[PDB]
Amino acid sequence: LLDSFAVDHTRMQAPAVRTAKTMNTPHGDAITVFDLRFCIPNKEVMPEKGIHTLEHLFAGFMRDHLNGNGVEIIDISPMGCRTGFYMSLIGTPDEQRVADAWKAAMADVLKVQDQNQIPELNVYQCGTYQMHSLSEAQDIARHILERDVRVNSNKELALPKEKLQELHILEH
């Protein structure tokens, strides 16, 4: 409810961190959602097995690097377009702090030796327990480290009024 942002995916750079939305709780705590954009929109997508395995690993490793000093992660979830994840948290860490934690978590993916070190990979604890690939998760993580992580600007990427009009007044 403070700011959410309509940004232009045709100009979006990746890998990148961007503040997607800021909200406040009734007693005034800040909640921030970050766009952790792994793939360039409409050019690249993550594979379904590797995104799922990465999901099992990512929020744990992000918590290890990012929690504390005014930040408590709520959830990290995949985007339905398979180009990134949204991470919701209590606090207002800056984008570079988030990027650095993200890269450290990617590096942590690469030291996963085998599937027995993937948390919850079994029929009791995973909804689709065959839909997994450590090697694809590690390919994703390696890609992020090879490409580095940029900080994207909501001002730069903002869709102007006119364009949002053109798009929204085709939705009816």
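Counting begins at 1, following the sequence as shown.
Colleague: Going by the mean C-alpha B-factor recorded in the entry, which is higher: 96 to 104 or 68 to 76?
Modeller: Stretch with the greater average CA B-factor: 68 to 76.
Colleague: What stretch has the higher average Cα B-factor here, 127 to 135 or 113 to 121?
Modeller: Per the deposited B-factors, the answer is 113 to 121.
Colleague: Checking the entry, which one of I40, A59, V33, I140 has the top C-alpha B factor?
Modeller: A59 has the highest C-alpha B-factor of those listed.
Colleague: Could you tell me which one of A14, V151, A20, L159 shows the highest CA temperature factor in the PDB record?
Modeller: When the deposited C-alpha B-factors of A14, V151, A20, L159 are compared, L159 is largest.
Colleague: When the deposited Cα B-factors of this chain's modelled residues are ordered and cut into thirds, is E48 in the lowest, the middle or the highest one?
Modeller: It falls in the middle third of the chain.
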